[PDB]
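> Below: the sequence, then the experimentally determined structure.
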Amino acid sequence: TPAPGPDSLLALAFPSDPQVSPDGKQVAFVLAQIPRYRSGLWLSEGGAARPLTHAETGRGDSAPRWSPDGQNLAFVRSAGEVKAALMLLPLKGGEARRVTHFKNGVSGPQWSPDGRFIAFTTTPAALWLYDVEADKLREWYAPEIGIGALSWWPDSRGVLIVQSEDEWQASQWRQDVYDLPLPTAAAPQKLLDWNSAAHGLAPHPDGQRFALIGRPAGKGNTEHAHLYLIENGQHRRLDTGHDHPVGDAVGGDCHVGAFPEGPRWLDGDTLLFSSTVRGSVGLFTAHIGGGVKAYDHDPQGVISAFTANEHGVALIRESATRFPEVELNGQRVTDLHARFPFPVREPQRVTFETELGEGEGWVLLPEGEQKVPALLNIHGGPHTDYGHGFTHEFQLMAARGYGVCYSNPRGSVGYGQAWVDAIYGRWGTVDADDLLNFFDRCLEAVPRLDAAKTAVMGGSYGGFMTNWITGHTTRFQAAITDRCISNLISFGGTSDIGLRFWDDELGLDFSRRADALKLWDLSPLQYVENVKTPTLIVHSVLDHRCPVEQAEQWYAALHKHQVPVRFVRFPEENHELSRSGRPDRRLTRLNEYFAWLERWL
Amino acid sequence: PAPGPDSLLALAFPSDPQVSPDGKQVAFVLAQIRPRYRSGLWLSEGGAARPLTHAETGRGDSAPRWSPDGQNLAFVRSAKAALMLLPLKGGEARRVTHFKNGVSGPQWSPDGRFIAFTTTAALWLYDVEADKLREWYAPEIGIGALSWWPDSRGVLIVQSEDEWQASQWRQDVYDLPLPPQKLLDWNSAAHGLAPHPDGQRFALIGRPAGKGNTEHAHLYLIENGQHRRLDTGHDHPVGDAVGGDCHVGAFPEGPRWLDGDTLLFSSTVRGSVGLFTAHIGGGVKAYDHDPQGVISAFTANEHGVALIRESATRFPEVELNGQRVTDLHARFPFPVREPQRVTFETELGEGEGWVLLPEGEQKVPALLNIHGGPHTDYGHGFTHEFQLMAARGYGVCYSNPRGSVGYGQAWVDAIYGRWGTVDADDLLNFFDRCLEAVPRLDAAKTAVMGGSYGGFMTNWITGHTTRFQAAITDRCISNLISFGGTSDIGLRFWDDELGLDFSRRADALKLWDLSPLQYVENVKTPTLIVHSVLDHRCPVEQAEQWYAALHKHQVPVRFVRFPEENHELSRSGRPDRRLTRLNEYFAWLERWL
Amino acid sequence: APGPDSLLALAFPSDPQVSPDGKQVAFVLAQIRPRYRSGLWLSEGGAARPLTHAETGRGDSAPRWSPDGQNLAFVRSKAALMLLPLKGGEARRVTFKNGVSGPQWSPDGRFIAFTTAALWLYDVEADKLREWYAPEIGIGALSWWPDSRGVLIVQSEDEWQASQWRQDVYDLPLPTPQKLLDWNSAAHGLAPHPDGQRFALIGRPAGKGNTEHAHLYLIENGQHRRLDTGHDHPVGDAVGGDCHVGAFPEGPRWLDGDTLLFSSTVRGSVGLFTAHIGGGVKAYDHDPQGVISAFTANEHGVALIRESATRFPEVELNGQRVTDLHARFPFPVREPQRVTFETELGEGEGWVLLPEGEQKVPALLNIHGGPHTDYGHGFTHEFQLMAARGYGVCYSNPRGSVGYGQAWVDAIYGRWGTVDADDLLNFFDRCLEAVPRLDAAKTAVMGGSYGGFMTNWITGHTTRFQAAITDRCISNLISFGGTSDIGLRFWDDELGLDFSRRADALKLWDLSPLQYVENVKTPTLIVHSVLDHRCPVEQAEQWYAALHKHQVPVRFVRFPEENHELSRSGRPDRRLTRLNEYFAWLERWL
């Protein structure tokens, strides 16, 4: 195997959207491949998956959807002149046929269970309806604000949709569920007064009840997302006795494309869903009268996407040492980890003590026995987990001679609601303690880690924490702050989530004098005069979530203090690989990371 | 019907009044007609000026420079930017340079052998007799002011040592002979190099090291590395720092030696700009100073003087040796009205302001306008915006609070380190005296508005009193902390203006206590927010914070985000930004009064 | 009342390719100012289903079955060779800046031959390409030997022989060409015998000009014997019809070692026939009232396209219709009635298509081009549309037509404007007698190419017609000889005259309708393409200028698009505008 560099990424192909066939015997999925990445449809009937489409221009093909009779695949095509067109491909032979002709394209196609219709959105994006037998199209519903989740009733009489009433409620993450019948020209009638976060609609097979993922209106958005059964405007929690959130919230950098996680009824009593547990993501079943049981939970693995019906299940699975692979009914149908171009190593667990119990993290070491630099990596969120996702960046760091230290401080999401709530209103206290305590225990437990060549780095909240830590201790020899936050006041006015984020996470309103002062005392920029650590700053110019003004303030302050500093301003926004298939941003980012580490460690 | 913003399109804008070496002619630039403005050269030998070039594409022609023999005009043409030579006695202009990125700032050598200019920025040199071009000097940081020695042996140049000194606005003067040695240890702000006729000494505009850039810019004679102030007994800054919105293009103000003992310069005095002479042996004398007028640009030699002149009631006109040579005020499409003076008292003496009323006798809404800077003056510049406001039925109230620049150094220093105290007092005190002195002003239909520092002050005032019925904040500042990190002047601006460093904890808290956003919870006044998305001086994050805060408080608010940067009319000739800005101003005032 | 827009309701089939096992048929269908695009369709016995879908360019054409029956090669549009697995999957692009044409699989499935003009060869198993042969002059017909050892190709020696339609047959083995037949004449449609040595061709031996019927000839060691003996009719479809868009294969196919299947034009019809090595011709599928325009065959099955004067072209597989294209015709079709006339060579025939009702209707004499083609039992949308708009359409096969024996063709040799004009006016007079609904006071004459020559000739020799429409006309036979891309050979074959010879040129001038233009009084619409290489526009310019000088009402439509633009690019604008001009002129003068 050759010498690993950032270029190792280009050897990888990225799977997504594992769609099981209605009869449960096949899986169709998306694979992004090589320079620009483009995606095509792949198919497996139990054996090694085979390519079904091959794109040479544009972004490629995505969103495969089986017709209920199992004979056709609907999907979205992005070519040289087409933004995103709905296609129909007969599986028994022939070429795909273009069905829609929109300048701006379409997204999110869903067959009706009877195969008579395909719903999709196009431009707020309006909901359209394709009549399959009549080959006609018609605008179904044009919302004033926009449509969130969508699912057909099992009898194909209409769809349930999630939407807000105004921009203010959407900014506050408050939504309701509506019933929308097929048009006989017709308006949607409200079905549930939720006034809260809701997605992942799972209509019960009885045609009346339905499940959703979210939280009731009473609790803030730091509350674990849970499963709720809805019946005649009432709600009943289904994942009772399960102090863990629904969905995958574990880190990993090999997710390109759509990763469906919609709950699915295996029968009238059983609801299948995914859940994050201590750095892992497993499949579980909820019973219509309550109680969670494990369905497919490896405490050392991550199930990042799944589809299911009464006849089969398809999913994508990964671990800290295994690249994502597609499965059909427990049989791996891809050989994607074999493409990983250098050997992966096994992490070692290192724990630390907190007043709420033992916390955990991991150390990934390189080969050999010599002393190696120690890199403390901090995940964002902050309510996510490090753990058993596959992280090409971490394996590459170890392959280049660095010890990677990454943990789940208080504020992480997989260790119970109380672990999340520990940092509420006081970022920079017990979370910073846990991160520095964890790192100290790494230096003690692993003597190979060189205590004289250490660095701290993280993204988003991890960038906030990198700025906070370097402003409160000079112990680190290098720092890399990515998509950072430095000034909590200006963030509240500039971020597209600034109006609600600090209220949910800290109970503070930047537009209120007393709250603003508290936000300033929580801002790493107040303590910037103490920073002595050479810092690399990475940020997108057009970032709407963490505006680049956050990074500009940190750069200007360090520059004024004559602290060695380097500011990489990307013209591409984050997640550019998924957006256009161009890996340039990821490659340049990794290059800047290692160049900075090489100079100072 | 009442005139609207479209009245702007009736105007033509003069700039760069260049007197000929023999003092008998003046060449200048005129920008005239959304419809787009283009510039061409005009010429007058004493009578009505005539067009000399006619551009139909691009931005047009600029920077006319007389050849020493008086037979040719050099200028810059954008049809990017080419150096042209036009023989004045007959013929067509000839293109001389072939650069992709263009040229800027041409200056003939006094002997007529060379023309110096910059290009990317490197300094280049054109040999006139040889018709050859050649790179003179490629600085690492950049070149500021530039002037030829009188014997054409070389040039004096202003430049900094590093980017940090440039960020701190500290510069030195260098000697660069024909194809550089440090000539003056200045380590401070310097421009307007005016070489003495003796070939050894030279004067400059600026300030010595010690006090920050809030100190009045003055004239300094340099001799063998030593400096002595020349404009003594004159507690006023050099240059035009008076408001006005009919200045499009370049306005030269370089001091000029009328003889071996007399240096001609312009100076701002109590809302006016006049010409003065500083004498090598002696103080300052008035040369051409109307306390009710503004001389915005001038060129001079031993034989003649050319300038641009304006007042609060007179559109800018070009003059040659005291004779008006343009007819530009005649183009103003509606009658202009005369302001009345209203005074207010402070512990530093009497302050002054003005009220411009509409025709008639009925009550009219009262608009308090606040100038930016803050170290500039309102007063006797021509302001089309103010005349248009009065023509549409509004009483315009504009004053010079403490912090303004034309009333002595102490008037400037009163606000140092404490914006939002005595400056805000002076503005509301002045406005109260307006309501008292002018009964036509409607005390129940008032609005407050301003740009840059005036936008900071609009945000500050509405956060400390609900008295105003409407507010318009333009290119505002709302968060002094984030400004320090985002502004292209943020590293030095608060240090000079407030003695505060945003990167230091104790100073940052003081900056937050001076930030209008801390008090935003008190704002009840409907506010229009105007800002350019690409603003580098006042980043748009300043306006985004004010909008989001008012919107969260459910205060009526409107946020106009311009894709065009400020001064787009001078930049590309497109008046769309100014027209749209005025439309948004009046639509908001019509909605709330 | 229906107008020219009715054309846009139609979809046009072409290239019916039977599968090697004879159980399937793949063909091309072009369907919808709106533009026609073509895609591949497939039927295994039932209603055909679409197999490819093109949204840009002209579309897909030339489907060719893999010998194993699992893949389809085809051309996609400049023009790329594609391979589509029929049991599932997507098409793969296989090849060039200038595109491809005429793909043919080797019988063993190891190669695909094509042109791009150089001959190229695609190695299927190796997925490699290689130039096979780059001729100096060009390649004509091409067919693989049954053992896939090489190809037979038709070529001329120089440009002069090519202009004179003189060709030979060459043998080209697979690379790592020798002449096979001293033909020195016209040849195409190579049909290699299954024995790997002999082969048949369509054409004519040297001696008589190209007015001689094309026949079938079996080749053995440089010797030739006519195979379709006792059959005084030419090989191939030479019957008029305006619903043929795309390629219509007519290559003869050996059904066994003794039987060669071929098509032939007989009295306005085209049927399938078999020629036997040991004896005469027998009918295989010949309806005297129908037209088989294209066919492919093997030892296991046959696919074809069939039509009649009252039935739009449909695709068939082993006698079963697999398309429903006639159902798309947007107005009722009417049936023509036969009207005969007498000549010294026997009875001639024509047809009259009337409008609905019983009132008097104008009479439009239409003259087909060629001149050695037939009117009759092809489907003609233009004629049906004319009848739907109130016109009686009269169209016949005068002497010079091709389906009534060699003597019928030879009657006009060297003397256009004599017996052919007589037969046309004799037929038209019999129409007025036999069909009292035809209005003798509201008559018009019209035709294309040779029919335009004849429209010009007739109106220069009689004023009886109230209107005239001359299309792609010929007016000056002298200048035609020098300007036409066939001018060097056409008059020599058709008239025995050489325009570059003084005596012949005078004879050509006496045959030129422009000599007699001073007699024209009939208002004439002139239709011509500016870029026409076969009938240069100078032919129409002379007729327009002459009629205009005589102050005869005249209108000159100059199309920027060449003829057959619908087949060329899929744009029907030329055909729609042409029909609009036709009816506007007829509406003005009746």
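Arrived safely, thanks for sending. Numbering: from 1, shown residues only, chains lettered A, B, ... in the order given.

> And residue A:159, how close does it get to chain C?
28 Å (C-beta to the nearest C-beta, to the nearest Å). Every C-beta, even on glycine, is put in place using the N, C-alpha and C of the backbone.

> Next, the contact list for that residue, please.
Residue A:159 sits next to A:119, A:127, A:150, A:151, A:152, A:153, A:180 when contact means C-beta atoms under 8 Å, 6 or more residues apart in numbering or on different chains.

> Return the closest of those residues with respect to residue A:308.
Closest approach to residue A:308 among the contacts of residue A:159 (C-beta to C-beta): residue A:151, at 14.0 Å.

> Ramachandran coordinates for the closest one?
phi -150, psi 140 (degrees, to the nearest 10).

> Assess the claim that it and residue A:198 are in contact.
No. The criterion here is C-beta atoms under 8 Å, and residue A:151 misses it with residue A:198 at 11.6 Å.

> any chance you could map the helices in the stretch 451-600 of chain A?
Remark: helices assigned in the stretch 451-600 of chain A by DSSP state H, counting those that start in this stretch are A:461-470, A:488-494, A:498-506, A:513-521, A:549-560, A:576-580, A:584-600.

> Please identify which of residue A:151 and residue A:198 sits among more neighbours.
residue A:198 (25 against 19; other C-beta atoms under 10 Å in any protein chain shown).

> looking at it, that one is touching residue A:177, isn't it?
Yes. Between residue A:198 and residue A:177 there is a contact under C-beta under 8 Å: 6.2 Å.

> shared neighbours of these two, which are they?
A:162, A:192, A:212.

> How about the residues of chain A by chain B?
For chain A, the residues in contact with chain B (C-beta under 8 Å from any C-beta of the partner chain) are A:487, A:489-490, A:492-494, A:498-499, A:509-513, A:516-517, A:520, A:525-529, A:547, A:549, A:552-561.

> Type out the ChimeraX command that picks the buried ones from those residues.
Only the buried entries of the residues of chain A next to chain B go into this ChimeraX selection, using 16 or more other C-beta atoms under 10 Å in any protein chain shown:
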select /A:487,489,490,492,493,494,498,499,509,510,511,512,516,517,520,525,526,527,528,529,547,549,552,553,554,555,556,557,558,559,560,561
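
> wait, which of the helices of the stretch 451-600 of chain A is closest to chain C?
Closest to chain C of the helices of the stretch 451-600 of chain A is helix A:576-580 (C-beta to the nearest C-beta; 22.7 Å).

> CA-only coordinates of that closest one in CSV, if you can.
Provided in CSV are the C-alpha atoms of helix A:576-580 (Å, rounded to 0.1, in the frame of the first residue of the first chain):
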residue,chain,number,x,y,z
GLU,A,576,-19.4,20.5,-1.1
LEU,A,577,-18.7,16.8,-1.9
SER,A,578,-22.4,15.9,-1.4
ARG,A,579,-23.5,19.2,-3.1
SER,A,580,-21.7,18.9,-6.4
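
> Tell me the helices and strands packed up against it.
helix A:584-600 (3 or more C-beta pairs under 8 Å, 6 or more residues apart in numbering or on different chains; DSSP states H and E).

> The helix it packs on: which residues count as buried?
A:585, A:586, A:587, A:589, A:590, A:592, A:593, A:596, A:597, A:600.

> by contact count, what packs against that helix?
Using 3+ C-beta pairs under 8 Å, 6+ apart: helix A:584-600 touches strand A:449-459, strand A:478-482, strand A:535-540, strand A:565-570, helix A:576-580.
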